[PDB]
Amino acid sequence: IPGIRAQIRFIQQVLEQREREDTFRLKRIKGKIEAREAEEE
Amino acid sequence: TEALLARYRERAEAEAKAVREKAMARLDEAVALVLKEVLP
Amino acid sequence: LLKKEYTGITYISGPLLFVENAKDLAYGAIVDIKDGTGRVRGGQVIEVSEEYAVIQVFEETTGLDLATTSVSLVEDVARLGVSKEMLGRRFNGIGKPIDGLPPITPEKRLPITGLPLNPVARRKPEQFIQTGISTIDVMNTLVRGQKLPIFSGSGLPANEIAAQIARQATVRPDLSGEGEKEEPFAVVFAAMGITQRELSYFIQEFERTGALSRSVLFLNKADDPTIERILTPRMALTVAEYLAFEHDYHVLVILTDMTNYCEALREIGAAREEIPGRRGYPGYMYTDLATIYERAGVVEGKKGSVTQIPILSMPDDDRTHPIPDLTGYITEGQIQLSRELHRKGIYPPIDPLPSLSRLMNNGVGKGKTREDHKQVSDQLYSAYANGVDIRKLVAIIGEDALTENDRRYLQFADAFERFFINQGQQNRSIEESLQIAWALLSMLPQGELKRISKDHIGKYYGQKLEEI
Amino acid sequence: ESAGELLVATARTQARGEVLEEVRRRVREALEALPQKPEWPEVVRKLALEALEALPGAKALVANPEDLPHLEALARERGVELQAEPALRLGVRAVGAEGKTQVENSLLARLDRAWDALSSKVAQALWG
Amino acid sequence: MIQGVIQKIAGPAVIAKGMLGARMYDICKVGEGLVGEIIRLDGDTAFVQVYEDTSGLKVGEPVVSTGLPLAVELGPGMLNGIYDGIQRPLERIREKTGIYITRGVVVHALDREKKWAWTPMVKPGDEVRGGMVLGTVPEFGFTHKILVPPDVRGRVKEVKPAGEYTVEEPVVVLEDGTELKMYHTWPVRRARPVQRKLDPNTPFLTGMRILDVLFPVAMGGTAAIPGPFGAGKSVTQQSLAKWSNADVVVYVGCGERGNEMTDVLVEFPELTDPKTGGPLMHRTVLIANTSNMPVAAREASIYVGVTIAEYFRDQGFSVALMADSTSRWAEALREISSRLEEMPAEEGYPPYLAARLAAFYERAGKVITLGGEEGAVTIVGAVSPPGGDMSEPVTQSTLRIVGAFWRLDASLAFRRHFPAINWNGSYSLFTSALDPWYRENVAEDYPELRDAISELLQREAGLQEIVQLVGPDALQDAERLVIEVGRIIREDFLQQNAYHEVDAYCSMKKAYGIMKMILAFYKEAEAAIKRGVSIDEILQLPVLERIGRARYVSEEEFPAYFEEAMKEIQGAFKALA
Amino acid sequence: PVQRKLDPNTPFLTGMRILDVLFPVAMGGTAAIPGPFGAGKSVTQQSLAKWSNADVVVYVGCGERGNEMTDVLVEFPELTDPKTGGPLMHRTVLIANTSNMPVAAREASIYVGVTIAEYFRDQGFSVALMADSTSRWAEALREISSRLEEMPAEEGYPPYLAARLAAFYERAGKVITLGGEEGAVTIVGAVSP
């Protein structure tokens, strides 16, 4: 049981990290497209 | 022997008054010194 | 000097605001924000450009407006202002007094970030510290100039152990054999994210035994602004290193909770929108923690010393959490608490197997302590490991298969956890701790103590039961 | 035991704080009497010159209506606009070209800035 | 008065132009006027977050900023009332609009038509400081004191004579032109100032033996409880409200589901105050929010409730504050954070969740009010994570700042054990600070009896494996005695009937007597076992019935019963020999 | 530049039984020693620097503790070089850039160390290069990239980190110098996952 629990929490942490990275990339692309559409004037 | 705090209270009063008297000697000099530095 | 006011405020959102015509503001400067109501806040310049300068507000930005708000410069670098009279006082995380006493007179003003210590100017830590705890004193000896954090859980009593170490800390200069005069000992106590109950407990603990006379307190509450949590360790370490390297003090620095500091750092980094880390913490967390921890040590040519005992709580007892994992990569060891010993009622519940002190090899031996210190430490470690192995063997195949040596080691481990670790509130000396260690080492046969030399056997192997 | 030591320490600290505050109050009251001296026009002109030097390109200079005639000559030579302000007592303030940057030069502000630096000198003068 | 027009509408976010000079967190009226909040300033542009639905708005409509942040009205008329998350009386809203809450409706928190019996306590020419008492107004048996706002100083010029007045009447006029009314406004996000915060050296008597003895909470402390279904949390909360030390009770719903809130709203008016014949609602303030109400109200309800509690303790009383579900408030905070596109920290929660929880929980404590009188706030906030997992971040953040944790369990309620607090999981941190008070006011040996009872329960719980594997009859005499003593403890001391007339409330003296009787009987039984008496003979003694009926004895008649039972305990063993 | 690269055929005697027997490393090869904190990377690298058969030892403290550099500075002049008489410190070159020292200098530290090792190889010796921690160099790269607002690849690291690591590790090997004689460089880098 403890080994399965450790594997479960490791997998959960990995998935959460990937989700956070995807969210950060989405915010980055939104910021950069805003910067381009603002500086294009 | 619980009344030993009276000696310390008397010492505190005496040292406070001694500090006041000692610092009162150069009050005008300190005021002039700081006023000279503050002013241009 | 003169006063400059900038009123070119252009954009306020969240914790940030922009000043456009402030080219004179240096990077990292400290500024003052004043609104129409006369209230004055604090701020730091995190970015300066020709278009504008970005200022991060210390407190909340409620009440600010683009019409009447003005920004003024305080100083280019954050200076604290220190003096030898700070001893016995009580300040908050920002440095202002909170005991009601009038403000101090600064002898000098120093930057709070400090400067890196030249590795050439350092020297090896050599002298031990008697914490009054047998487990720390014998097996994980603390050396002057070391960073030795304590890893705790949620309900484990970290505060009580910290207060006990603060009360019972001594230098023991007579054991050094040189017989020199006793050097001054001071305690700098920094508190981050502390509730009212913990604050009252700490104040009562310090005032009960008179330890407040040689101590300086930096106490930052939980309801205080977030930025005050960041600056508290820097103020504490600035004061500590000033005292140590300008007045020959031996300073012990205790940090109540680094988890709160890490949470504040994560919140600030998220507000500034940096690159995230493993669990949302900023990527530069290792550098930020290093800039605090590395300030401890000893310097060639000076008699002072700085010692740090950080306290932190591992979330869910997870040693792989980013906070304890990054803390371990910097310090010279760690003291880990055990929930099993807490359930057994042992105090202090320190688990010796996962604990380690990397500087122990240099701070113990002849001249420093009794010359059997390393040998008895190894012997107790080996015996406890054998006892734990026997315990785990019993919990599978039963007690029937134990040899006489195995059951002897089992009863030795039981007596060990009942006497050596569970000291309660005793201020055990190094001599008393070594005597107890020898007393339960006599429980084993003479030929079974393979690590200990023959010189110490017979000289101290008196075969005496514990007198307590 | 340590209670008496803490009591004498706080008595000494309170005495030091009270005498320092007395010095501060005396200096503040002395500064309030500066305008009555014959050197008031000279010192206020010097302060205005310092403020204008600290703020290149200032478009205007504001001061007290009583002190406005004193700085009228300095306004002409410096070639900037001048105006009066009753609330600006014992000081002079410079306004930047854009109107967003201000440079203030007043006695009370200078005292507030330099008191922390001069506290050590005052203490070592009072107690040797 | 800053006025602007709508420039841009996108969802609940409204951009207004011409709003130069608007303060950062003022409340704005958007539209013809929906209530909003400024969250960003940029040039002449201000960003407004509208609380309600924005459908139907058009570009160019007026925007008016009230010039003040979110605030509550503090004064007479709050007791016996029900409010939403932002202090809007629901009864008058129902009267005006019917069964629905129409958007854009405006009402006053305090009734402007009711007349109160003013009674001055100040004279002309008297200096007044913030927090001083100006007068007196009766309200449902309480002495409601009109207090100076904390940031007001001056001296009295004139004072109105005693009579009938409304809350808008300027009862006291200061010499600087300031007019002081019967009420004032205070921002919900700023803690009210205090002279000093005292140490937790006095107990908060709950009236339940298990909570009062095993896991005490100090007057002004903080406690947290789980909320699992079927564990009888509601009856426990009602008993706590009925039998507490607090003079005033503040209840916050903060986003609970509709039917549970309906049950709470229909149950309290039927409760009766133990200290009198009237209903408990005459000293209770209700804040109710359903899960379909605007998120801003759900987020601000906690602050509104804690501010009301702070005001009531500033009047000099003891206040118990109960947050019904902080998990729903955390969910609302997460939603608001996601509306701002902030980076989530862990499992979607914002990085400042712990800071907000600490800021809410640290308003509790026993303090010396600005008027010099003593007051306190006790916070008992429940957490109900989805799935009951204790690793959820809100629970972890809560357990790091609370002083007590009363773990309600459904398993105990399943076997008809009430009030069903699990003693294995629960803990408290106020025992050491409260020990001197126990010695002074209960008995010199009270901590020893409490520790003995706890140790007996621990030993009973330690044997649960063997009694489950082989059964109770296979044990020795000592083991059977331990099991039966634990059973007697569970059935006669921890258990309590809330609906019983006399068993509903228990003082410290009765609990001490019961514990002493149990310990004495345990000692006598162990001595008899040592003297060769059979366990079955011990388990059939008649004094066990006297022990069992102890908790149903009246409070005033208890000492005689206790003395008789103590005599019978020693008589039953020694005389039989 | 070098004339030619040879094949490693002689062992790099680290002085430790397990490393020299079970997992040997040849002169001019590359080895990595990852592990969590407290495992003993620094002690192993110090033992390698104190007992190996390398003519010259270059030690790079890339973002690590300063006490470890102080211990070397204090102890090494007392010990003796196994290969030739005289104190050991005449065999060692130290590159110290502690944790509290500026972040951006870790990459420069690594490159300076590898360049000095290459020079001493070009003189014809057999040099051993030890990197105290390359994870700190990777973290510095990540911070610099985050200042540039570039797209991270994974865990915030720049996408070109692998190329940098490969370029750094490729500098090792046993070669024929431009002067017409044999020399080699051995690289042992620690990782802190």
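List of remarks:
Here the chain labels run A, B, C, D, E and F in written order, and each chain numbers its own residues starting at 1.
Keep this in mind: a contact is a pair of C-beta atoms (placed from the backbone, for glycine too) under 8 Å apart; a residue touches a chain by one contact, two chains touch by 3 or more.
The chains touching subunit A as well as subunit C are E, F. Subunit F has its Cα centroid 64 Å from the Cα centroid of subunit B. Averaging C-alpha coordinates per chain places the centre of subunit D 53 Å away from that of subunit E.
The distance from the centre of subunit D to the centre of subunit F, each centre being the mean of the chain's C-alpha atoms, comes to 60 Å. Chain geometry summary: the mean Cα position of subunit B and that of subunit C are 39 Å apart.
Along subunit A, residues 16-17, 20-21, 24, 27 each make contact with two or more other chains. Looking at subunit D, one finds that residues 5, 14, 16, 50, 110, 114 touch two or more other chains. You'll find the chains touch as A-C, A-E, A-F, B-D, C-D, C-E, C-F. Residues of subunit C that touch subunit F in their complex: 116-117, 119-120, 122-125, 274-278, 283-284, 286-287, 290-291, 294-295, 297, 325, 328-330, 332-334, 356, 359.
Put simply, subunit C touches subunit A in their complex at residues 273, 275-276, 278-280. Against subunit C, in their complex, subunit D makes its touches with residues 1-2, 5-6, 9-10, 13-14, 16-17, 20, 50-51, 54, 96, 98, 100-105, 109-110, 113-114, 116, 119-120, 123. Those residues of subunit A that touch subunit F in the shared complex are 17, 21, 24-25, 28, 32. Chain contact summary for the complex, subunit F toward subunit A: residues 149, 151-152, 154-156.
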